[PDB]
Amino acid sequence: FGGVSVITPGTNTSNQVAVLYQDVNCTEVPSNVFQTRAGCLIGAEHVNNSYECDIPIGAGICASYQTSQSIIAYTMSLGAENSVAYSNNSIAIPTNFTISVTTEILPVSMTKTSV
Amino acid sequence: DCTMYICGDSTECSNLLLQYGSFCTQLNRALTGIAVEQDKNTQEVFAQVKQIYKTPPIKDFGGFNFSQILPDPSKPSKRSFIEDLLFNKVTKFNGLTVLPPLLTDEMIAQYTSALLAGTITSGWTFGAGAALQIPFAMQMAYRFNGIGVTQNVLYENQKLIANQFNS
Amino acid sequence: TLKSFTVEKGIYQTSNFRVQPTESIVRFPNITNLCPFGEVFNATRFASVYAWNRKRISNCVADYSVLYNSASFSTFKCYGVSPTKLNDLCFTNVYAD
Amino acid sequence: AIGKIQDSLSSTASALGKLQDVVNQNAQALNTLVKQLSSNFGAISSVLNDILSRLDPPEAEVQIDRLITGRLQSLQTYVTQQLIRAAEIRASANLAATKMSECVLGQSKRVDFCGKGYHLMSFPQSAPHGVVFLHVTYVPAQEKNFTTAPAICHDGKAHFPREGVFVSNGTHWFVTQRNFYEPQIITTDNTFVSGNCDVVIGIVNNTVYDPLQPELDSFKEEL
Amino acid sequence: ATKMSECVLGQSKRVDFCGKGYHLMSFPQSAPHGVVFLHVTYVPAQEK
Ligand SMILES: *[C@@H]1O[C@H](CO)[C@@H](O[C@@H]2O[C@H](CO)[C@@H](O)[C@H](O)[C@H]2NC(C)=O)[C@H](O)[C@H]1NC(C)=O
Ligand SMILES: *[C@@H]1O[C@H](CO)[C@@H](O[C@@H]2O[C@H](CO)[C@@H](O)[C@H](O)[C@H]2NC(C)=O)[C@H](O)[C@H]1NC(C)=O
Ligand SMILES: *[C@@H]1O[C@H](CO)[C@@H](O[C@@H]2O[C@H](CO)[C@@H](O)[C@H](O)[C@H]2NC(C)=O)[C@H](O)[C@H]1NC(C)=O
Ligand SMILES: *[C@@H]1O[C@H](CO)[C@@H](O[C@@H]2O[C@H](CO)[C@@H](O)[C@H](O)[C@H]2NC(C)=O)[C@H](O)[C@H]1NC(C)=O
Ligand SMILES: *[C@@H]1O[C@H](CO)[C@@H](O)[C@H](O)[C@H]1NC(C)=O
Ligand SMILES: *[C@@H]1O[C@H](CO)[C@@H](O)[C@H](O)[C@H]1NC(C)=O
Ligand SMILES: *[C@@H]1O[C@H](CO)[C@@H](O)[C@H](O)[C@H]1NC(C)=O
Ligand SMILES: *[C@@H]1O[C@H](CO)[C@@H](O)[C@H](O)[C@H]1NC(C)=O
Ligand SMILES: *[C@@H]1O[C@H](CO)[C@@H](O)[C@H](O)[C@H]1NC(C)=O
Ligand SMILES: *[C@@H]1O[C@H](CO)[C@@H](O)[C@H](O)[C@H]1NC(C)=O
Ligand SMILES: *[C@@H]1O[C@H](CO)[C@@H](O)[C@H](O)[C@H]1NC(C)=O
């Protein structure tokens, strides 16, 4: 036994779904069948390429609706790899700058209900 | 699972419980929200860097030794010796399941490695913006100037400070 | 599950998976001894109220169908176990006072 | 940047999801509390007037007791969830008040407390059951590689920068501030003297310009 | 997360927010369902 999770994009975008059978092997489930540590995933194509996570699944696997378009499964990308040119006599000092404005939104209150 | 817990494999029990309406659904929803927000906490605390940095193969950090905190390439999971000691120390069928975390321990190790490499090679510049490579002696001079202590102190006692840090 | 005709992008837990059983396994000891309820209920003489008899009964198979079938019993009340589902249950010991 | 924030707020509806989830969660709790009145809780009906209009008190008290137990359980669960959500919201509001006091009413030197980069100042904006901050931050953009040294010998003494660090473009050495490239001639006004050249690891050879010498060149003419 | 952002990604001038003494810098280490910080601090030793 195990939980049944449905992986879908927005219904206005597509009606194609991928089904995750949580904490089970891919044997008792009655193509496009993949096996993760989060359970048995059916309907999502396994892709070697890594992307940013869109719909989380578990154990580093995330699903997305990409290209013709279909639901794909892939390992999470933790970011672009960038080695630093470290040396004992090398310094990087900026010569130009930019002024950026970022939006931070925080809740304050909720509905003052009374029953 | 509420129905699996209260009424396992019983149609009659499920029909009786169905008279309680959506008591069952609310409980699952709260637990699902908890399971989401724990991954949210993990991402908030660890995914604070935009890029995965790595140290150069030459560990010329002015005498400072970081081999006990840098990851070990020989291990199956690239984790430090200090990380390994910590992992060793810290140690059913009624619908009670455990969901795996979204971020695995290897990815947590990679995030800590990226943060540690960025810190060691760049000070605070990797957190402020794009990483700026700084030799570790002048980075320690920056930190010493940050506590009201003149940098002459670090350069003239660099060996003493490196030995004390290693000890 | 979402009680809506439009589902937002994401992952949702909708139902649970269960492997249904294929066949039923019924296992009982293969003893075919007739049970002595007949002498208990059809004895010529019954004991006194204070000196009520007690019969220990074991190693038999009990249909109870005659107990259901006889309408001579004016009063028939079962408390701990419902009367109809008696033959489907195997018990350790039964006493007939 | 202000125009970009305006365009982003006009285009992306998921920016205010942090308030939309609070409003939606309150809606879910209210809807669940309303819909829990439809449950029989083991009684003959979920309508109190139906129970009263069909049963005399000897059975009506039992059925009404079943309804009261079910509705009390629903109310207690709703109030407990409301208390937990109110505590979380209180924590968020305390964080928002701290952010205002340390970031709008002053300048915050805490890293990433007021957005990514070197924080300068922030703007408050009103929001439905919330507050929106417009953090103005300083982010370096264009970078260059330079050859550096922790100190400089002049006459056997070790010179360290009062501000900035020593950099070289390949032929000459300069001192410039940490967060912006502004090369200046290394003078005694920019540096201070401590120790000698035999203890620092990485000192290089140069000359430190002294402001008084030129007036002294006029002096040889003066003599 | 606040400790990481203000103590590993930069230098904290808050007293005892990053261990006892004058804080310099910190190291993150992974832990089972947790995080471990190695705060490097400056402590005076000998006095006159
Ligand atoms: C620093 O960067 C800014 C852009 O962020 C530069 O400003 C631009 O300069 C070019 C000339 O090459 C103009 O065509 C653009 O219109 C300018 N942009 C803006 C927004 O004004 C600036 O010149 C750079 N300064 C240095 C010293 O590199
Ligand atoms: C940093 O410290 C480690 C030990 O924590 C050093 O590794 C040791 O190196 C010696 C050789 O001198 C070996 O005999 C030991 O077996 C090593 N120990 C371990 C645990 O690897 C390392 O050499 C030091 N590096 C620097 C640059 O000082
Ligand atoms: C490093 O910077 C110095 C200072 O600007 C440069 O020296 C000048 O170079 C220009 C040529 O562009 C000459 O016209 C000046 O007379 C030089 N000044 C002095 C005091 O020598 C030097 O060329 C730069 N070197 C590099 C490799 O960029
Ligand atoms: C910086 O300049 C000094 C001279 O002012 C150099 O010192 C010389 O070192 C060599 C090697 O030990 C000696 O043979 C010379 O006699 C020293 N000069 C004097 C005047 O005593 C020093 O080596 C230079 N450093 C660098 C890195 O170039
Ligand atoms: C959903 O997709 C449709 C196109 O199929 C598009 O017209 C609509 O605007 C989309 N809605 C949103 C909000 O994404
Ligand atoms: C599923 O069963 C196979 C054996 O048929 C086993 O090798 C595999 O590890 C199992 N997978 C899981 C997730 O239990
Ligand atoms: C990934 O590439 C390997 C070859 O290196 C191949 O064997 C494997 O099937 C690929 N997996 C997917 C999902 O494409
Ligand atoms: C007692 O005898 C009658 C026949 O007169 C029979 O119908 C009944 O089943 C007997 N009772 C038992 C317990 O066998
Ligand atoms: C500095 O040199 C390194 C050499 O590996 C190079 O990768 C980097 O882009 C250089 N930085 C700049 C700003 O050109
Ligand atoms: C810097 O590293 C180089 C090797 O690339 C070495 O020759 C030199 O002595 C080092 N200088 C210092 C001050 O450590
Ligand atoms: C300073 O003088 C006091 C006198 O009471 C003494 O107790 C203290 O130890 C002295 N400090 C040092 C560092 O000797």
# chains A, B, ... in the order shown; residues from 1 in each chain; ligands from 1
call {"tool": "closest_atom_pairs", "arguments": {"of": "chain E", "to": "ligand 11", "cutoff": "10 Å", "atoms": "only C-alpha atoms and all ligand atoms", "output": "JSON lines"}}
result
{"residue": "E:46", "atom": "CA", "partner": "ligand 11", "partner_atom_place_in_ligand_line": "13 (C)", "distance": 7.4}
{"residue": "E:47", "atom": "CA", "partner": "ligand 11", "partner_atom_place_in_ligand_line": "13 (C)", "distance": 4.5}
{"residue": "E:48", "atom": "CA", "partner": "ligand 11", "partner_atom_place_in_ligand_line": "13 (C)", "distance": 3.8}
call {"tool": "write_last_selection", "arguments": {"atoms": "N, CA, C and O atoms", "output": "PDB file, in the first residue's frame"}}
result
ATOM      1  N   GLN E  46      45.993  37.247  27.610  1.00  0.00           N
ATOM      2  CA  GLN E  46      46.906  37.707  28.649  1.00  0.00           C
ATOM      3  C   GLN E  46      46.775  39.211  28.826  1.00  0.00           C
ATOM      4  O   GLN E  46      46.718  39.958  27.846  1.00  0.00           O
ATOM      5  N   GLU E  47      46.751  39.650  30.083  1.00  0.00           N
ATOM      6  CA  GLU E  47      46.355  41.004  30.439  1.00  0.00           C
ATOM      7  C   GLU E  47      47.432  41.667  31.285  1.00  0.00           C
ATOM      8  O   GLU E  47      48.248  40.999  31.925  1.00  0.00           O
ATOM      9  N   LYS E  48      47.426  42.999  31.278  1.00  0.00           N
ATOM     10  CA  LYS E  48      48.333  43.789  32.096  1.00  0.00           C
ATOM     11  C   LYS E  48      47.601  45.011  32.634  1.00  0.00           C
ATOM     12  O   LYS E  48      46.659  45.511  32.015  1.00  0.00           O
TER      13      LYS E  48
END
call {"tool": "residues_near_ligand", "arguments": {"ligand": "ligand 3", "cutoff": "8 Å", "atoms": "only C-alpha atoms and all ligand atoms", "output": "list in words"}}
result
residues 168, 169, 170, 171, 172 and 173 of chain D
call {"tool": "interface_residues", "arguments": {"of": "chain B", "to": "chain E", "cutoff": "9 Å", "atoms": "only C-alpha atoms", "output": "JSON, numbers by chain"}}
result
{"B": [41, 42, 44, 45, 46, 48, 69, 79, 80, 82, 83, 84, 86, 87, 90, 91, 105, 108, 109, 111, 112, 113, 115, 116, 118, 119, 123, 124, 125, 126, 127, 128, 140, 143, 144, 146, 147, 165]}
call {"tool": "select_by_dssp", "arguments": {"residues": "chain A", "states": "strand (DSSP E)", "output": "ChimeraX atom specification"}}
result
/A:2-8,18-22,33-36,39-42,45-46,55-58,61-66,70-75,90-107
call {"tool": "residues_near_ligand", "arguments": {"ligand": "ligand 4", "cutoff": "8 Å", "atoms": "only C-alpha atoms and all ligand atoms", "output": "list in words"}}
result
residues 153, 154, 155, 156, 202, 203, 204 and 205 of chain D
call {"tool": "write_last_selection", "arguments": {"atoms": "N, CA and C atoms", "output": "PDB file, in the first residue's frame"}}
result
ATOM      1  N   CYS D 153      57.234  47.359   1.286  1.00  0.00           N
ATOM      2  CA  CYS D 153      58.464  47.924   1.826  1.00  0.00           C
ATOM      3  C   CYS D 153      58.737  49.281   1.194  1.00  0.00           C
ATOM      4  N   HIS D 154      59.178  50.238   2.011  1.00  0.00           N
ATOM      5  CA  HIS D 154      59.663  51.512   1.489  1.00  0.00           C
ATOM      6  C   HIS D 154      61.139  51.725   1.796  1.00  0.00           C
ATOM      7  N   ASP D 155      61.532  51.682   3.069  1.00  0.00           N
ATOM      8  CA  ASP D 155      62.923  51.813   3.483  1.00  0.00           C
ATOM      9  C   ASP D 155      63.279  50.746   4.508  1.00  0.00           C
ATOM     10  N   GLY D 156      62.719  49.549   4.353  1.00  0.00           N
ATOM     11  CA  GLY D 156      62.815  48.504   5.341  1.00  0.00           C
ATOM     12  C   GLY D 156      61.625  48.428   6.274  1.00  0.00           C
ATOM     13  N   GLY D 202      54.619  37.872   1.998  1.00  0.00           N
ATOM     14  CA  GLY D 202      54.092  38.385   0.752  1.00  0.00           C
ATOM     15  C   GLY D 202      54.324  39.855   0.491  1.00  0.00           C
ATOM     16  N   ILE D 203      55.200  40.508   1.254  1.00  0.00           N
ATOM     17  CA  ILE D 203      55.468  41.924   1.039  1.00  0.00           C
ATOM     18  C   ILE D 203      56.251  42.111  -0.260  1.00  0.00           C
ATOM     19  N   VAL D 204      55.989  43.225  -0.940  1.00  0.00           N
ATOM     20  CA  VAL D 204      56.640  43.546  -2.201  1.00  0.00           C
ATOM     21  C   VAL D 204      57.383  44.866  -2.048  1.00  0.00           C
ATOM     22  N   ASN D 205      58.242  45.147  -3.020  1.00  0.00           N
ATOM     23  CA  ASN D 205      59.074  46.342  -2.998  1.00  0.00           C
ATOM     24  C   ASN D 205      58.454  47.451  -3.835  1.00  0.00           C
TER      25      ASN D 205
END
call {"tool": "select_by_dssp", "arguments": {"residues": "stretch 19-205 of chain D", "states": "helix (DSSP H, G or I)", "output": "number ranges by chain"}}
result
D: 19-38, 48-54, 57-103
call {"tool": "residues_near_ligand", "arguments": {"ligand": "ligand 7", "cutoff": "12 Å", "atoms": "only C-alpha atoms and all ligand atoms", "output": "VMD selection string"}}
result
chain A and resid 32 to 35 44 to 50 72 to 75
call {"tool": "atom_distance", "arguments": {"atom1": "atom CA of residue B:25", "atom2": "atom CA of residue B:4"}}
result
12.5 Å
call {"tool": "residues_near_ligand", "arguments": {"ligand": "ligand 6", "cutoff": "10 Å", "atoms": "only C-alpha atoms and all ligand atoms", "output": "number ranges by chain"}}
result
A: 23-28, 35-40
call {"tool": "residues_near_ligand", "arguments": {"ligand": "ligand 5", "cutoff": "12 Å", "atoms": "only C-alpha atoms and all ligand atoms", "output": "number ranges by chain"}}
result
A: 9-15; C: 6-9; D: 11-14
call {"tool": "write_last_selection", "arguments": {"atoms": "N, CA, C and O atoms", "output": "CSV table (one decimal), in the first residue's frame"}}
result
chain,number,residue,atom,x,y,z
A,9,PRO,N,0.6,19.8,-14.5
A,9,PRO,CA,0.7,21.3,-14.6
A,9,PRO,C,-0.7,21.9,-14.5
A,9,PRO,O,-1.6,21.3,-14.1
A,10,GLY,N,-0.8,23.2,-14.8
A,10,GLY,CA,-2.1,23.9,-14.8
A,10,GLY,C,-3.0,23.3,-15.8
A,10,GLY,O,-2.6,22.9,-16.9
A,11,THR,N,-4.3,23.2,-15.5
A,11,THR,CA,-5.2,22.6,-16.4
A,11,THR,C,-5.5,23.4,-17.6
A,11,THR,O,-5.9,22.8,-18.6
A,12,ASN,N,-5.2,24.7,-17.6
A,12,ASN,CA,-5.3,25.6,-18.8
A,12,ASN,C,-4.2,25.3,-19.7
A,12,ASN,O,-4.3,25.6,-20.9
A,13,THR,N,-3.1,24.8,-19.2
A,13,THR,CA,-1.9,24.5,-20.0
A,13,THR,C,-1.9,23.1,-20.7
A,13,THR,O,-1.7,23.0,-21.9
A,14,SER,N,-2.2,22.1,-19.9
A,14,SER,CA,-2.4,20.7,-20.4
A,14,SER,C,-3.2,19.9,-19.5
A,14,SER,O,-3.4,20.3,-18.3
A,15,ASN,N,-3.8,18.8,-20.0
A,15,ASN,CA,-4.5,17.9,-19.2
A,15,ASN,C,-3.8,16.6,-19.0
A,15,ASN,O,-4.3,15.6,-18.4
C,6,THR,N,-10.8,23.4,-11.8
C,6,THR,CA,-9.5,23.8,-12.2
C,6,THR,C,-8.5,23.5,-11.2
C,6,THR,O,-8.7,23.8,-10.0
C,7,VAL,N,-7.4,22.8,-11.6
C,7,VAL,CA,-6.4,22.4,-10.7
C,7,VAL,C,-5.1,23.2,-11.0
C,7,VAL,O,-4.7,23.2,-12.1
C,8,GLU,N,-4.6,23.8,-10.0
C,8,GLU,CA,-3.3,24.6,-10.1
C,8,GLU,C,-2.2,23.6,-10.3
C,8,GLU,O,-2.2,22.4,-9.9
C,9,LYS,N,-1.1,24.1,-10.9
C,9,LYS,CA,0.1,23.4,-11.2
C,9,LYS,C,0.8,22.9,-9.9
C,9,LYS,O,1.0,23.8,-9.0
D,11,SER,N,2.6,42.4,-13.8
D,11,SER,CA,2.6,41.2,-14.7
D,11,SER,C,2.4,39.9,-13.9
D,11,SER,O,1.7,39.0,-14.4
D,12,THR,N,3.1,39.8,-12.8
D,12,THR,CA,3.1,38.5,-12.0
D,12,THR,C,2.1,38.5,-10.9
D,12,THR,O,2.2,39.3,-10.0
D,13,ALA,N,1.1,37.6,-11.0
D,13,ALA,CA,0.1,37.5,-10.0
D,13,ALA,C,0.6,36.7,-8.8
D,13,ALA,O,0.0,36.7,-7.7
D,14,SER,N,1.7,35.9,-9.0
D,14,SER,CA,2.2,35.1,-7.9
D,14,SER,C,3.2,35.8,-7.0
D,14,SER,O,3.7,35.1,-6.1
call {"tool": "closest_residue", "arguments": {"among": "C:26, C:11, C:49, C:62", "to": "ligand 8", "atoms": "only C-alpha atoms and all ligand atoms"}}
result
C:62
call {"tool": "closest_atom_pairs", "arguments": {"of": "chain A", "to": "chain B", "cutoff": "8 Å", "atoms": "only C-alpha atoms", "output": "Markdown table"}}
result
| residue | atom | partner | partner_atom | distance |
| --- | --- | --- | --- | --- |
| A:37 | CA | B:100 | CA | 7.7 |
| A:38 | CA | B:100 | CA | 6.3 |
| A:56 | CA | B:102 | CA | 7.0 |
| A:57 | CA | B:102 | CA | 6.9 |
| A:58 | CA | B:102 | CA | 4.3 |
| A:59 | CA | B:102 | CA | 4.9 |
| A:60 | CA | B:102 | CA | 5.3 |
| A:61 | CA | B:102 | CA | 7.4 |
| A:78 | CA | B:52 | CA | 7.1 |
| A:79 | CA | B:51 | CA | 5.0 |
| A:80 | CA | B:51 | CA | 5.4 |
| A:81 | CA | B:52 | CA | 4.9 |
| A:82 | CA | B:53 | CA | 5.3 |
| A:83 | CA | B:53 | CA | 5.3 |
| A:84 | CA | B:133 | CA | 6.6 |
| A:85 | CA | B:133 | CA | 6.5 |
| A:86 | CA | B:133 | CA | 5.4 |
| A:87 | CA | B:135 | CA | 6.3 |
| A:88 | CA | B:135 | CA | 4.8 |
| A:89 | CA | B:135 | CA | 6.5 |
| A:90 | CA | B:134 | CA | 6.8 |
| A:91 | CA | B:134 | CA | 5.4 |
| A:92 | CA | B:132 | CA | 4.9 |
| A:93 | CA | B:132 | CA | 6.9 |
call {"tool": "residues_near_ligand", "arguments": {"ligand": "ligand 2", "cutoff": "7 Å", "atoms": "only C-alpha atoms and all ligand atoms", "output": "ChimeraX atom specification"}}
result
/B:59,63,65-68
call {"tool": "write_last_selection", "arguments": {"atoms": "N, CA and C atoms", "output": "PDB file, in the first residue's frame"}}
result
ATOM      1  N   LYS B  59      45.764  23.932  -1.871  1.00  0.00           N
ATOM      2  CA  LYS B  59      45.277  24.476  -0.602  1.00  0.00           C
ATOM      3  C   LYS B  59      46.305  25.435   0.001  1.00  0.00           C
ATOM      4  N   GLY B  63      48.701  28.874   5.410  1.00  0.00           N
ATOM      5  CA  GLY B  63      48.941  28.055   6.575  1.00  0.00           C
ATOM      6  C   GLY B  63      47.699  27.551   7.277  1.00  0.00           C
ATOM      7  N   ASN B  65      44.582  25.287   7.789  1.00  0.00           N
ATOM      8  CA  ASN B  65      44.233  23.940   7.363  1.00  0.00           C
ATOM      9  C   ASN B  65      42.720  23.781   7.418  1.00  0.00           C
ATOM     10  N   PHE B  66      42.122  23.410   6.287  1.00  0.00           N
ATOM     11  CA  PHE B  66      40.686  23.190   6.193  1.00  0.00           C
ATOM     12  C   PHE B  66      40.339  21.777   5.747  1.00  0.00           C
ATOM     13  N   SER B  67      41.284  20.839   5.830  1.00  0.00           N
ATOM     14  CA  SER B  67      41.029  19.481   5.361  1.00  0.00           C
ATOM     15  C   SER B  67      40.023  18.744   6.234  1.00  0.00           C
ATOM     16  N   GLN B  68      39.807  19.198   7.465  1.00  0.00           N
ATOM     17  CA  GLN B  68      38.822  18.587   8.344  1.00  0.00           C
ATOM     18  C   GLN B  68      37.409  19.105   8.107  1.00  0.00           C
TER      19      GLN B  68
END
call {"tool": "interface_residues", "arguments": {"of": "chain D", "to": "chain B", "cutoff": "10 Å", "atoms": "only C-alpha atoms", "output": "ChimeraX atom specification"}}
result
/D:28-29,32-33,35-43,46,70,73-74,77,81,111-112,115-119,137-145,148-151,158-162,164-165,178-179,192-196,198-202
call {"tool": "closest_residue", "arguments": {"among": "A:77, A:111, A:16, A:31", "to": "chain D", "atoms": "only C-alpha atoms"}}
result
A:111
call {"tool": "interface_residues", "arguments": {"of": "chain A", "to": "chain C", "cutoff": "6 Å", "atoms": "only C-alpha atoms", "output": "short mmCIF file (atom, residue, chain, number, x, y, z; two decimals) with C-alpha atoms, in the first residue's frame"}}
result
data_model
loop_
_atom_site.label_atom_id
_atom_site.label_comp_id
_atom_site.auth_asym_id
_atom_site.auth_seq_id
_atom_site.Cartn_x
_atom_site.Cartn_y
_atom_site.Cartn_z
CA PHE A 1 0.00 0.00 0.00
CA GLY A 2 0.97 3.64 -0.36
CA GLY A 3 -0.25 7.14 -1.09
CA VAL A 4 -1.23 8.11 -4.63
CA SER A 5 0.10 11.48 -5.78
CA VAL A 6 -0.83 13.11 -9.10
CA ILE A 7 1.73 15.36 -10.79
CA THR A 8 0.12 17.82 -13.20
CA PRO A 9 0.71 21.29 -14.63
CA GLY A 10 -2.06 23.88 -14.77
CA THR A 11 -5.24 22.57 -16.36
CA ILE A 55 6.99 20.38 -9.12
#
